[PDB]
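As you go down the protein sequences, you meet chains A, A', B and B' in turn. A prime marks a further copy of an entry chain.
Residue numbers for the first sequence follow the deposited numbering, beginning at 8 and rising by one.
Residue numbers for the second sequence follow the deposited numbering, beginning at 8 and rising by one.
Residue numbers for the third sequence follow the deposited numbering, beginning at 116 and rising by one.
Residue numbers for the fourth sequence follow the deposited numbering, beginning at 116 and rising by one.
Even for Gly, the Cβ is constructed at its ideal location relative to N, Cα and C.
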Amino acid sequence: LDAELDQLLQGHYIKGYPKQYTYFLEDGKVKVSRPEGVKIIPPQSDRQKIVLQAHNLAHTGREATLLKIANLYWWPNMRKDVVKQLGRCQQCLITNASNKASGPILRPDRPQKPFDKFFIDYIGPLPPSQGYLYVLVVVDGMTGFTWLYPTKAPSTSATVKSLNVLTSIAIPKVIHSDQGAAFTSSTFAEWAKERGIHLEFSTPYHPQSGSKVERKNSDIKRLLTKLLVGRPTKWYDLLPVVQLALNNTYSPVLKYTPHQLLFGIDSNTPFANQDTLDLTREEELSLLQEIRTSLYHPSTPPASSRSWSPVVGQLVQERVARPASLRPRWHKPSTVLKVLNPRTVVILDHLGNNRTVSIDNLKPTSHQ
Amino acid sequence: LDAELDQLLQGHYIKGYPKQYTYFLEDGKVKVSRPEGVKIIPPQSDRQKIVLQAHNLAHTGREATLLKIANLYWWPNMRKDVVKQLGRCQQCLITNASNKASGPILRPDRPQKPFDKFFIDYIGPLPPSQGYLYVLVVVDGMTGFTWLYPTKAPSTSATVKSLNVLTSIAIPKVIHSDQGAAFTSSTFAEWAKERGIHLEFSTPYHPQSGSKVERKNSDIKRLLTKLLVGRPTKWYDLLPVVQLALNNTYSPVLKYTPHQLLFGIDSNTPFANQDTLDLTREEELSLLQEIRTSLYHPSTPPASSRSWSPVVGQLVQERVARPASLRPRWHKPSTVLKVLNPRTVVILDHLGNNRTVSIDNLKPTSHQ
Amino acid sequence: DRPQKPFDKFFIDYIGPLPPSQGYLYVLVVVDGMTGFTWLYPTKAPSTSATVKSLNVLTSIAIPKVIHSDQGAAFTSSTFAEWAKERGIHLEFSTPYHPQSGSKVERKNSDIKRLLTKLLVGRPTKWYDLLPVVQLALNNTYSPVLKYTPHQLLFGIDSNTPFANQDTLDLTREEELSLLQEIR
Amino acid sequence: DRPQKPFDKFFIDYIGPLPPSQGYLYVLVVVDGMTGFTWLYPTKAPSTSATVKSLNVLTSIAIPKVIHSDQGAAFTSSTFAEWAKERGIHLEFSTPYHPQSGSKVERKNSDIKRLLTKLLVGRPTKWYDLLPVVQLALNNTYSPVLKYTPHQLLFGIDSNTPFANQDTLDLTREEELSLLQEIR
DNA sequence: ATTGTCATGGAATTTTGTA
DNA sequence: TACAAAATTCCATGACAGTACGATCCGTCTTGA
DNA sequence: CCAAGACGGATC
DNA sequence: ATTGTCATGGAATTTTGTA
DNA sequence: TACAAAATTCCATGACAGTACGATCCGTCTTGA
DNA sequence: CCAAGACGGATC
Ligand SMILES: [Mg+2]
Ligand SMILES: [Mg+2]
Ligand SMILES: [Mg+2]
Ligand SMILES: [Mg+2]
Ligand SMILES: [Zn+2]
Ligand SMILES: [Zn+2]
Numbered sequence: 008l009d010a011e012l013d014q015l016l017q018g019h020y021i022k023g024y025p026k027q028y029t030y031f032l033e034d035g036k037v038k039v040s041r042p043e044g045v046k047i048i049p050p051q052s053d054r055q056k057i058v059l060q061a062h063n064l065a066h067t068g069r070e071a072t073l074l075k076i077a078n079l080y081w082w083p084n085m086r087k088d089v090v091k092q093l094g095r096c097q098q099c100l101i102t103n104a105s106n107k108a109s110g111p112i113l114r115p116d117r118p119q120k121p122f123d124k125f126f127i128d129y130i131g132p133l134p135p136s137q138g139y140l141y142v143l144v145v146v147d148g149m150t151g152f153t154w155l156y157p158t159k160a161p162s163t164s165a166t167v168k169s170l171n172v173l174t175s176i177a178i179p180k181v182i183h184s185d186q187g188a189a190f191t192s193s194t195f196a197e198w199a200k201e202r203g204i205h206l207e208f209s210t211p212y213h214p215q216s217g218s219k220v221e222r223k224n225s226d227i228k229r230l231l232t233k234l235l236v237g238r239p240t241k242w243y244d245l246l247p248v249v250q251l252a253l254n255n256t257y258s259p260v261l262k263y264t265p266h267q268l269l270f271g272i273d274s275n276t277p278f279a280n281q282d283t284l285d286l287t288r289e290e291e292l293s294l295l296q297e298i299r300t301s302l303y304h305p306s307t308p309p310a311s312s313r314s315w316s317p318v319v320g321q322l323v324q325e326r327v328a329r330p331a332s333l334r335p336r337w338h339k340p341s342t343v344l345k346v347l348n349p350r351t352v353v354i355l356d357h358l359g360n361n362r363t364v365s366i367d368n369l370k371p372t373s374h375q
Numbered sequence: 008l009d010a011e012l013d014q015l016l017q018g019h020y021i022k023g024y025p026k027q028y029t030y031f032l033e034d035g036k037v038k039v040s041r042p043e044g045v046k047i048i049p050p051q052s053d054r055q056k057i058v059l060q061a062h063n064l065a066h067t068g069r070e071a072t073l074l075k076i077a078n079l080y081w082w083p084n085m086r087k088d089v090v091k092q093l094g095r096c097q098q099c100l101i102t103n104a105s106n107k108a109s110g111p112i113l114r115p116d117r118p119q120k121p122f123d124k125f126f127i128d129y130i131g132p133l134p135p136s137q138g139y140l141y142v143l144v145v146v147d148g149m150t151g152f153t154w155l156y157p158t159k160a161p162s163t164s165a166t167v168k169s170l171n172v173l174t175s176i177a178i179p180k181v182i183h184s185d186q187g188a189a190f191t192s193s194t195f196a197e198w199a200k201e202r203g204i205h206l207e208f209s210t211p212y213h214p215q216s217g218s219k220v221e222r223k224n225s226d227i228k229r230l231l232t233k234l235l236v237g238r239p240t241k242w243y244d245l246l247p248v249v250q251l252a253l254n255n256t257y258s259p260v261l262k263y264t265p266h267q268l269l270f271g272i273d274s275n276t277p278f279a280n281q282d283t284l285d286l287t288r289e290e291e292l293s294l295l296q297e298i299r300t301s302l303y304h305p306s307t308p309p310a311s312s313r314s315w316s317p318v319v320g321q322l323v324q325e326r327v328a329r330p331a332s333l334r335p336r337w338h339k340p341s342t343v344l345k346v347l348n349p350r351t352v353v354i355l356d357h358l359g360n361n362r363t364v365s366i367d368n369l370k371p372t373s374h375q
Numbered sequence: 116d117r118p119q120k121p122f123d124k125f126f127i128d129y130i131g132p133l134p135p136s137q138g139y140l141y142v143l144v145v146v147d148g149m150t151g152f153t154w155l156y157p158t159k160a161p162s163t164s165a166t167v168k169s170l171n172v173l174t175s176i177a178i179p180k181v182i183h184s185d186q187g188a189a190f191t192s193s194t195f196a197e198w199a200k201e202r203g204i205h206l207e208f209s210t211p212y213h214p215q216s217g218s219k220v221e222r223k224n225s226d227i228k229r230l231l232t233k234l235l236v237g238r239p240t241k242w243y244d245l246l247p248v249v250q251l252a253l254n255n256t257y258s259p260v261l262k263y264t265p266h267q268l269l270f271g272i273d274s275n276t277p278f279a280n281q282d283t284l285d286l287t288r289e290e291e292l293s294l295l296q297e298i299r
Numbered sequence: 116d117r118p119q120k121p122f123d124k125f126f127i128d129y130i131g132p133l134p135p136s137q138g139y140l141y142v143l144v145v146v147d148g149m150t151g152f153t154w155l156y157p158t159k160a161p162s163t164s165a166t167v168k169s170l171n172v173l174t175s176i177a178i179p180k181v182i183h184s185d186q187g188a189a190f191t192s193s194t195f196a197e198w199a200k201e202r203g204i205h206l207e208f209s210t211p212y213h214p215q216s217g218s219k220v221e222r223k224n225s226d227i228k229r230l231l232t233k234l235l236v237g238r239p240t241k242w243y244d245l246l247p248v249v250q251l252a253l254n255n256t257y258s259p260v261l262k263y264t265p266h267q268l269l270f271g272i273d274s275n276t277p278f279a280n281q282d283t284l285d286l287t288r289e290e291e292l293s294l295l296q297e298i299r
């Protein structure tokens, strides 16, 4: 600190400081003549304090902090001392927005058979229609067949009663849902375990994980909106009509309706398809198996130019769900324990326990 | 309708129907043998009704509606009859989402001199600090200098009292603001007209129009958040500190602070720049004029592959601001009266009057 | 001639006045013609109003071409005739005093009559909660002649809950004495 | 030697006990050393508490290197000395009974003394609302010797409201009689 | 009658010290 | 006139857009008998 | 000292 | 311990009818 | 074996993500003297 | 019949 600057003034060379420049003492402080101007060189011990003083003014990044220090001070490797202080500041790490996008979105394989994967979700608190407010939506992963159930509450008892009428048709293998209170409850967990159904849960605050039910909710709302144009919002009576409509709707990219993918033949619905009229049911079901297997699979989009991929041991920060006014929108730095896929990891959170979080609600810790 | 189908059955040729196929009458209805199967050809008068019947099932697009009709019916140019019915349906036009992105965002020229353009906006209802809830933010268009004013209400009287202390320094040419009640008021309109200041207003529900104050609000909130980590949210006393901090903050792309762009020399602020110490004030102001003129101008980004550009006479639909539950998020089709720029047009709205709306809250009317 | 398909004919019938369970007394039995798939719906009365309410939940999933039923008042009513006319369903009524459905439908209807009573003995007030597991049992019963269950004929795949072992559906010695004591 | 710059020296002074206007009685006059830019702040008392409150709004925009003031109690207080020490401002006090500021500062201070009284005659209770337009008038007054207004020296450009014509700042015949009647 | 903007921090490129 | 590394520029990225409140269940900490 | 409850937390 | 999805409607490409 | 146009495929685009409520002013429609 | 008010609308 004082020994490095003392040898520099008398002509002796130290690595970092160029020999071409003139070094002189003025006002009890070591200064250097530079093309930018006369700059003061501080001792090593004071350098840690000065960077902290210039940073804590407005809590700025690498370049904006240096430009404040460059007004008066100069030393070898200034940015290396700035970046080091940038990773130390707790206030900056949990507030600043990430400049790295998430990795390419995975497109998981469509369920092989019907009743293999069940996607369930409520469509919020709709305007009061005959006492009912909520709608439980069950979407099949394979076919895309939708069952609608009107409920007064997003409770466990309302979910059980509605699914018991549905499970009368067929028992599903795996039921996928978001981490709602009705689905994360122990009563619903013991309900599925009794019938031999595995419960699958979406990553917290990541609604696109269970997209097959979320995208269907868009088609349900869009159809209900069009049917209630210029009319009072009574949707309760329209639910059985909407259910029948969307299940018999042709998908332009799939070429088949959710009804045609589930049964094989169209019912007595308006504009029924009668192409397999000549063939027998045994031949119709054999053709149905060939259709289900030979459906298109959406290819994964190319990775963005600046995308980060999570690895084991990397420091990451979890996003705060609903941050209060003037409160940090990121949690304290946490270590990755295990990587399930390039989109989902298990991390030891701020509380101090195992938590499965998607990478969209995560950012890599800066300055490492 | 009946004459075209009668001549077709007896062997005589009509344009549209291929001569290679066999046409026969069955069950009192004209049918055709096709590779897809046996399809019924309806008369011209019934074709308009059938397309309407198949569409009103689920209110579907071009391909999804046709696939319902293709189950039973066939005629020359089916899609031309479908698209025609798609433009007639009022329910579909005001509910369906647009598949065309807006044109490339314009980057308007930075104000030439200080106090030429003033950007003002409140930062919502912040947590109660010493009775105050609102903050009036004034941003200079040229320099980026920010003046902060604590207020109890987003009212006209609160805006006038705060600006009267500011206009004591210098009178601005044009004041830009969003269409808030305090700024659109006649009392505020007569306030600016008395001092010879032109009032500029942002397009309704388009916050990025006055971005120079909106982006600065992000820097104000981010700094206030970091200063209140682990502390009760008292922001009232921190406002004069935040004001001084952000105005002396170096912009990494501009190389100069809002303070340096406004005055030319840094004050007694911590880490003050003393490069123009040798030069006189007359030489310092001459250098300041050269700096202001030679600042970077962000080039406009390339237009997207599927973008629409508004023209005079084109039918467009205005976006509903805050749509109610199960209610259309688009207004009735409206005609463009005048195009100000490739981003802003004047339209005769649903009410029946002149309205200046940005293209982001607008979509081109489908099927024209 | 076209071969038999699903949703061609729906056989509907009520089964007796069963003991009260959660307010319900009657069961609407819906049997498909080809697949033999069974739908059970709990009802309070053998009326048209209860038949319309239960079938509206069924027709929202799939609509039958023909509905078959006996000369019951709930089906032969003019209100039920207007109900089927709106959805475009032809009504077929069997001759009085002697019904006709076929060997596959009658053997399925015979199983529902005896399976419900088998589980009813000992607990007559708790048949409502068994309705889901009874529907699963019937639709996954290994067909007597054919090698396809009602689930396999309707969907094309084998069910996730296949009933491997079968009880003879017959009442045991002490179950007969308890059933003869509940009445008298 | 370095040439004179803005924010080098800030001359602060109170101007008399003016008639009550919206609760305010005193005016804190802030004059820059080089540019001659004038800041006016309404205060209720000639105290340190009122001086600190008004200067905190000014220092949030720009901080002076040296603050110059007379031997007034509001400036010579230990509380004001600690206030300037925290922000890193050196305090300079003029000799008692005879102040020293310079020709440019004293000629500017002379204009503020007479301009306020010129607009005060006829309406002594309404000087608070004139404060913004008085500040604009002083900062855009065409310099007597130099060819640059206080606005042009501070920002570098000409103001949007340039005061083209000048009244002689002198009181007219009947304005003198009204001013001599308000006191007696 | 009007219009996106800019801090951030890794990567991409240029400058620098000393041959 | 060539290195290696520091120094500087490049630039994709996200957040600013009036926000707080309710409804469900669960784990934990009460308050009278 | 314990049974029904009160309450913030987590997530939608 | 888990993961985006798909209707839409102009444009881009392929098929079709009749040489 | 080549047209022109119909028919079909391609694919960028946006919306689904628990939502309702307050605060300001303005233009318009009340309710007692 | 008119002055202070009540109320939904527009926008943030
Ligand atoms: Mg949910
Ligand atoms: Mg606002
Ligand atoms: Mg019967
Ligand atoms: Mg004094
Ligand atoms: Zn920081
Ligand atoms: Zn429609």
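With distances taken Cα to Cα, identify the nearest neighbour of B'/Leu234 among B'/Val181, B'/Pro179, B'/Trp198 and B'/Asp282. Locating residue 234 of chain B' in the fourth sequence gives position 119, counting from the first residue. Of the candidates B'/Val181, B'/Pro179, B'/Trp198 and B'/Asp282, the one whose C-alpha sits nearest the C-alpha of B'/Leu234 is B'/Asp282.
How far does the beta strand (DSSP E) with A'/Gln324 in it extend, from its first residue to its last? The count along the second sequence starts at 1 and reaches residue 324 of chain A' at position 317. Residues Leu322 to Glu325.
With DSSP as the reference, label A/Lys26 as helix, strand or coil. Along the first sequence, read from residue 1 onward, the residue named residue 26 of chain A stands at position 19. Shown here, A/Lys26 sits in coil according to DSSP, grouped into three states, outside any helix or strand.
Compute every distance between the C-beta of B/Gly187 and the non-hydrogen atoms of ligand 3, then say whether any falls below 7 Å. Position 72 of the third sequence, counted from the first residue, corresponds to residue 187 of chain B. Yes; taking the cut-off as 7 Å, the Cβ of B/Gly187 has a heavy atom of ligand 3 nearer than that.
For A'/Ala310 and A'/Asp367, the rounded distance between their alpha carbons: By 1-based counting over the second sequence, the position of residue 367 of chain A' is 360. By 1-based counting over the second sequence, the position of residue 310 of chain A' is 303. For the pair A'/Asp367 and A'/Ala310, the Cα-to-Cα distance works out to about 14 Å.
If you measure beta-carbon to beta-carbon, which residues of the stretch 122–134 of chain B are closer than 8 Å to chain A? Only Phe122 from the stretch 122–134 of chain B bring a Cβ to less than 8 Å from some Cβ of chain A.
Would A'/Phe270 count as contacting chain B' if we go by Cβ distances under 8 Å? Start at 1 with the first residue of the second sequence, and residue 270 of chain A' comes out as number 263. Answer yes: the Cβ-Cβ gap between A'/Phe270 and chain B' drops below 8 Å somewhere.
Measure the alpha-carbon distance for A/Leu284 versus A'/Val45 and round it to whole angstroms. Walking along the first sequence from the start, residue 284 of chain A turns up at place 277. Walking along the second sequence from the start, residue 45 of chain A' turns up at place 38. Between the alpha carbons of A/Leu284 and A'/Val45 lies a distance of about 11 Å.
Can you tell me where the beta strand (DSSP E) holding B'/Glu207 begins and where it ends? Against the fourth sequence, residue 207 of chain B' aligns to sequence position 92. For B'/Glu207, the enclosing beta strand (DSSP E) has its first and last residue at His205 to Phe208.
Residues of chain A with CB under 8 Å from B/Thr158, in chain order? For the purposes of this step, residue 158 of chain B is identified with residue 43 of the third sequence, where counting begins at 1. None at all; the shortest Cβ gap to chain A is about 14 Å.
Have a look at A/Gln51 and A'/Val220 and give me their C-alpha separation to the nearest angstrom. As a position in the first sequence, residue 51 of chain A is number 44, starting the count at 1. As a position in the second sequence, residue 220 of chain A' is number 213, starting the count at 1. A/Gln51 and A'/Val220: Cα-Cα distance of roughly 41 Å.
Looking at the C-beta of B'/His183, does it have a partner C-beta in chain A' at a distance below 8 Å? Taking the first residue of the fourth sequence as 1, we reach residue 183 of chain B' at position 68. It does not: the Cβ of B'/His183 has no partner Cβ on chain A' nearer than 8 Å.
I'd like to know if A/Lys180 contacts chain B, where contact means its C-beta is closer than 8 Å to some C-beta of that chain. Residue mapping note: residue 180 of chain A aligns to position 173 of the first sequence, counting from 1. Output row for A/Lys180: interface = yes.
Within 10 angstroms of its Cβ, does A/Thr67 collect 16 or more other Cβ (buried), or is it exposed? Sequence index remark: in the first sequence, residue 67 of chain A carries index 60 (1-based). Classification of A/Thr67: buried, given that the 10 Å Cβ count is 16 or more.
Whole angstroms is fine: what's the gap from A/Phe126's alpha carbon to A/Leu155's? Here residue 126 of chain A refers to the residue found at position 119 of the first sequence. Here residue 155 of chain A refers to the residue found at position 148 of the first sequence. Take the alpha-carbon of A/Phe126 and the one of A/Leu155: they are about 12 Å apart.
Return no unless some Cβ of chain A is closer than 8 Å to the Cβ of B/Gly203. As a position in the third sequence, residue 203 of chain B is number 88, starting the count at 1. Closer than 8 Å: yes.
Along chain A, which residues have their Cβ under 7 Å away from the Cβ of A'/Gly44? By 1-based counting over the second sequence, the position of residue 44 of chain A' is 37. Within 7 Å Cβ-Cβ: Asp282.
Step through the CB atoms of chain B and report whether any lies within less than 8 Å of the CB of A/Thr153. Taking the first sequence and counting its residues from 1, the one referred to as residue 153 of chain A is at position 146. No - not a single Cβ of chain B is within 8 Å of the one on A/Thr153.
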